[PDB]
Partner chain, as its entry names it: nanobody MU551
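This document starts with one chain, in the form deposited without the partner chain, laid out as structure tokens.
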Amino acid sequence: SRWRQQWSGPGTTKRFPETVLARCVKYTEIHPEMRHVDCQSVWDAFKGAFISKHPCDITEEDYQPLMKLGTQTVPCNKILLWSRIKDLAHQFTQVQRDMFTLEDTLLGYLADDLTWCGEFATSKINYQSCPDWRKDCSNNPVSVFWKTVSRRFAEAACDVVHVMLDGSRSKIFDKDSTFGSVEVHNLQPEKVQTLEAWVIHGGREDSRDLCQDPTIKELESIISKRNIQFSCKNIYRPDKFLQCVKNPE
């Protein structure tokens, strides 16, 4: 458009509509329980959330239509959260197939690793640039999507929730993360009894107990205040943790 400003973030991912549709079909092919879903309606509601809208004023209410159509019941006691250890978290749920990350749900599978935005009063997707959360604005279509769906996934969890955390990082638990700033605060104390952390070892540092780390202690404190118990395990050898998950016989 004639009035469209430059943003600092990458533009909408190449072939976005077509990638979303193909993913919706693919997901429902592999997951027979979701075949009631009309993928054209799914796309049309996703689109309705952000096109013709200034992409610094996107709200949770904008995505409500998408949320309704994406309604999915996962077994609430088989939930895996994670923070900066994507590869191992999803390798885990590929093998232990009764456990679920957000990206194993429909809505999460669709949006995984994609960028998108539009512009006020146009029907056009902006392929040139999109708002960066830091340099531009926080209420952008991508950020608002993930905080909305991450809240609802956490709200649905029950009994024992597991979180996988990256032990090679400087801040093993990080307040400024989806886990740290959305999910820990929206687990329901009525439904959830325990949050169990799995700290995955790697990188340079020599082998020590990482459940004694200052960020883990901070985490323990944050969740205790919410009246939910905390547990923590070291996973020293990720290599052999998958081997005995995938072949316990």
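Residue numbers count along the first chain shown, from 1.
Below: the form deposited with the partner chain bound, not depicted.
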Report whether the minimum heavy atom distance between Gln94 and the partner chain in the bound PDB entry is within 4.5 Å. yes
Consider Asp113 of the chain shown here, and say whether it contacts the partner chain in the bound PDB entry, taking contact as heavy atoms within 4.5 Å. no
Taking heavy atoms only, is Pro214 within 4.5 angstroms of the partner chain in the bound PDB entry? no
How about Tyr27 - does it come within 4.5 Å of the partner chain in the bound PDB entry, if we only consider non-hydrogen atoms? yes
Which of the residues spanning 222 to 249 lie within 4.5 Å of the partner chain in the bound PDB entry, based on heavy atoms? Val245, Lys246, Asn247, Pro248, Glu249
